[PDB]
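Here's the structure, in structure tokens; my notes come after.
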Amino acid sequence: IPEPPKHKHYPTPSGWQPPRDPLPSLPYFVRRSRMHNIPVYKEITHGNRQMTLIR
Amino acid sequence: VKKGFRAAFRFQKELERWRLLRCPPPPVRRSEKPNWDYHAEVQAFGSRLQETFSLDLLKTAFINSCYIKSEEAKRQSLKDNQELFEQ
Amino acid sequence: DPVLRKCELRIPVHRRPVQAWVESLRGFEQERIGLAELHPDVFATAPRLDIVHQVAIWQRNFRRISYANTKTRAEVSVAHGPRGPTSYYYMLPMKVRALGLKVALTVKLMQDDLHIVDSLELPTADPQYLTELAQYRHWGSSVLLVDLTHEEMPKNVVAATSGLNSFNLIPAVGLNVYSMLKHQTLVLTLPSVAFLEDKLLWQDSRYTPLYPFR
Amino acid sequence: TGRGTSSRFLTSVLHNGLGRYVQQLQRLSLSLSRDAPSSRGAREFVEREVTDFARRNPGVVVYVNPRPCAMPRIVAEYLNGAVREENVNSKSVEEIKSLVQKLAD
Amino acid sequence: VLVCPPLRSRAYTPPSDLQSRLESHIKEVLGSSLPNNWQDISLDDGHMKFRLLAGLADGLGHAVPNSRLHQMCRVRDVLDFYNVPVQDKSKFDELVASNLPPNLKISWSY
Amino acid sequence: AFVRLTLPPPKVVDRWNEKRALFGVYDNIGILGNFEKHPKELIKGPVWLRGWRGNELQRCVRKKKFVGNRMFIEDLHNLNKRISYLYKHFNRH
Amino acid sequence: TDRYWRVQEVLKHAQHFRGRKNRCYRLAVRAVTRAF
RNA sequence: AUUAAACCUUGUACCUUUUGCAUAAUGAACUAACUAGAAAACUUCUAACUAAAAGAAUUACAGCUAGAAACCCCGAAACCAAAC
């Protein structure tokens, strides 16, 4: 997969913005996915339970 | 022939149990039997009774004339309990 | 002069590099000669032993073939007896197997069972030297030696390892979880680590294949 | 079961408590294995609680014999000659401590 | 054809004058003379770390574990790492040298 | 029933023999070999089930196809009759 | 492989029975339960 | 239970079947061995990776991949082909 190209102005017209620099110094770090997207997935289970997962 | 060593080992124990019941072993003194320490037992014996005994004197009291003869016979190939016995 | 190694691939900024003592087998006292950096995404993965446990089961079971057979009542000239050759073959995804290998590498390093070496070359071919050296460095009773490629592995090491049952010599492509677990300590050449890292790090952007990669 | 089993009357060994109470238990024997999950609890017991029991009750001879053993086992011998055997296979420290206290009493 | 040298024990006890040995080694590494903020000196330099760690290990007798090697970013960690003792004595070995009472018997058949 | 009156001789097994020692080696041929050779290619055994698994009927049917021409006439007839029972059991019950 | 000892468990409680009951497991087991 | 084997006191053999009942009805001289539950379409659970997932043939607007998870035995009167 090609890495995202550097853009003169962020956010990108679609709306993509790379992770903010400097990274936060919190004890917990959330890395981006291989697709350079936030690792948040909406999920529904049992046909009635809505869920969201951070991986 | 049934396979397995546990079954063969189990039967050997089964045979031993029957043999022991038929022919109980002759009694033997705990001194000869394993896990015996005369010095440790005497200390425990005195503490168990909650009484103070002089180790040397108590051993002499335990010492008997017959015991000395056996040791002397082995020695050929010591204070008796008579004095304490009278008191 | 310390031997300094850096990860060829880009280490994450938020992740610090993993480091270990570079060693050489040339001499008994050559325990530490350099400092090397190891990719956190490879050598600092979470210790997921169930994946390792699954891989070990897969390793034992995908080769499992039972040849037991018996004649049933209809075939008598057993109600539920073995019926001919039976196999248990199944395949784990390459992502899981690579992850399982990644997990195993971290455990050995963290448990001080992994020894990174520059090369396998030995001053002598005597098997005694290798066993004594393992005792000298307090290695486990079983030591696994890995080289970059089978063809180029030194002759001296071959003789020492070939004659030793508990010391097994394998190429880089021959690495597997079962051997690592069976062997108390692992000895890896520096080129092999890069070779393993490349394949393990290749999993990045794992295009689902419509045909073989070749 | 009562018809098919033995019975006795209430009795004391030698009127033990009339003058002074004497502990019947006289000897303890322990077998351990250096590398055995079953004996781990007993092994941990040796580190921490065996000494306290020994100090509390010095009138009982305690034998601890770590040896190649399939199952750890404890043997308790009493003054009257009664001997009781208990297997320590795969038992925790807390369980072992409670059992020993019962044996002493 | 090479004869292995004798094995050494893995037990290391922090020196009573640990600071004196550490500072002397730091002076030995390269002419430092213990400049202020010595504890915070970064070890990221490969050459400096190799000489400092190798020299300290030989004299002090304790070696940085591979697991803990990357943690040794600063001298302060090294000083803390050396001050913690390491004992090779087994639990049974400690028990043997613990004034065993007369009623307690230990026999190691392994 | 009755049990043996003699103990079997003791037996010692070496767990570090080459077969056990090298068991599982090259199992990562594909990932470490650029996927040129799939681990399924390393299977040695009956031809009809090399790299393949199925239910008893599928295994029997595949066996017939692979070695049907090279099987004995008597065996082929027996296999045909056996297949009939297997087919009915799985596909009708 | 312990079926013999299982019978012994019933037999040991049935050793004191009289007649074929003491030697027949089919009857010995029934008597042992009834006694308890 | 007992000092005591029997006495005193208490108590309508067992399995199956009838109905949650048998003083019904079946079956058992006894010993040893042998003697009957087998499948994954979908779902939950356990994980990998994720707008992507599966080592070619598959699905997708959080999906996709992998694993685990299931359904017996004996017994007719008969019927047909080919030999004798």
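Residue numbers (the deposited numbering), protein chains in the order written: chain g, 57 to 111; chain c, 31 to 107, 119 to 128; chain F, 45 to 121, 151 to 287; chain b, 2 to 106; chain h, 50 to 159; chain i, 32 to 124; chain R, 15 to 50. Even for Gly, the Cβ is constructed at its ideal location relative to N, Cα and C.
Going by alpha carbons, who is nearest to residue i out of the options?
i: residue 163 of chain h; options: h:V50, h:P54, h:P64; result: In the structure as shown, chain h starts at 50 and stops at 159, and residue 163 of chain h therefore has no counterpart that could be examined.
i: b:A77; options: b:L29, b:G5, b:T12, b:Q24; result: b:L29
i: h:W157; options: b:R49, b:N58, b:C70, b:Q25; result: b:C70
i: b:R68; options: b:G18, b:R21, b:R44; result: b:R44
i: F:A100; options: F:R59, F:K115, F:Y251; result: F:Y251
i: h:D89; options: h:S139, h:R123, h:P54; result: h:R123
i: b:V89; options: b:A37, b:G82, b:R57; result: b:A37
i: F:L218; options: F:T197, F:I189, F:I95; result: F:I189
i: F:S235; options: i:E49, i:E67, i:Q89, i:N111; result: i:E49
i: i:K94; options: F:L283, F:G157, F:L193, F:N113; result: F:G157
i: b:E50; options: b:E95, b:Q27, b:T2, b:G3; result: b:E95
From the DSSP output, read off the bridge partner residues of residue i.
i: F:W65; result: F:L79
i: F:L218; result: F:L242, F:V260
i: F:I109; result: F:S160
i: b:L33; result: b:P67
i: residue 138 of chain b; result: Here chain b covers residues 2 to 106 and nothing more, so residue 138 of chain b does not appear.
i: g:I100; result: g:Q106
i: F:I189; result: F:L261
i: R:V46; result: According to DSSP, R:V46 bridges with nothing at all.
i: b:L26; result: b:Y79
i: h:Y61; result: h:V135
i: b:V62; result: b:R28
Could you tell me if residue i is buried or exposed, where buried requires 16 or more neighbouring beta carbons within 10 angstroms of its beta carbon?
i: c:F35; result: exposed
i: F:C51; result: buried
i: g:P69; result: exposed
i: i:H120; result: exposed
i: h:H96; result: exposed
i: i:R101; result: exposed
i: b:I75; result: buried
i: F:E67; result: buried
i: F:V216; result: buried
i: c:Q80; result: exposed
i: c:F126; result: exposed
i: residue 166 of chain h; result: Here chain h has residues from 50 to 159 only, and residue 166 of chain h is not among them.
i: h:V52; result: exposed
i: c:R78; result: buried
i: F:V151; result: exposed
i: F:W102; result: buried
i: R:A49; result: exposed
i: F:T89; result: buried
i: h:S139; result: exposed
i: F:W212; result: buried
i: F:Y111; result: exposed
Starting from the C-beta of residue i, find all residues in its chain whose C-beta is less than 6 angstroms away, skip the five residues before and the five after it, and write them out in chain order.
i: i:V78; result: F97
i: c:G76; result: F83
i: g:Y66; result: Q73
i: F:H153; result: none
i: b:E87; result: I75
i: i:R81; result: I74
Closer than 7 angstroms by C-beta to residue i: which residues in its own chain qualify, once you throw out the five before and the five after it? Chain order, please.
i: F:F268; result: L221, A245
i: h:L67; result: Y131, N132
i: b:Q102; result: none
i: F:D185; result: none
i: h:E77; result: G104
i: c:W66; result: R60
i: b:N81; result: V14, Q25
Could you name the residues of the same chain whose beta carbon sits closer than 8 angstroms to that of residue i, not counting the 5 residues immediately before and after it, in chain order?
i: h:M121; result: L92, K98, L102, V113, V127, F130
i: F:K168; result: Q276, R279
i: g:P95; result: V86, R87, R88, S89, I110, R111
i: c:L87; result: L125
Looking at the ligand HEM, does it come within less than 8 angstroms of residue i, judged from the CB to the closest heavy atom?
i: h:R117; result: For the structure depicted, the ligand HEM is absent and the ligand set is empty, with no information on it obtainable.
ask   = Can you list the alpha helix (DSSP H) stretches of 4 or more residues lying completely in the stretch 63 to 106 of chain c, in chain order?
value = 68 to 78, 85 to 92, 95 to 106
Contained alpha helix (DSSP H) runs [length at least 4] in the stretch 86 to 154 of chain h, N- to C-terminal order = 95 to 109, 115 to 118, 124 to 132, 140 to 145
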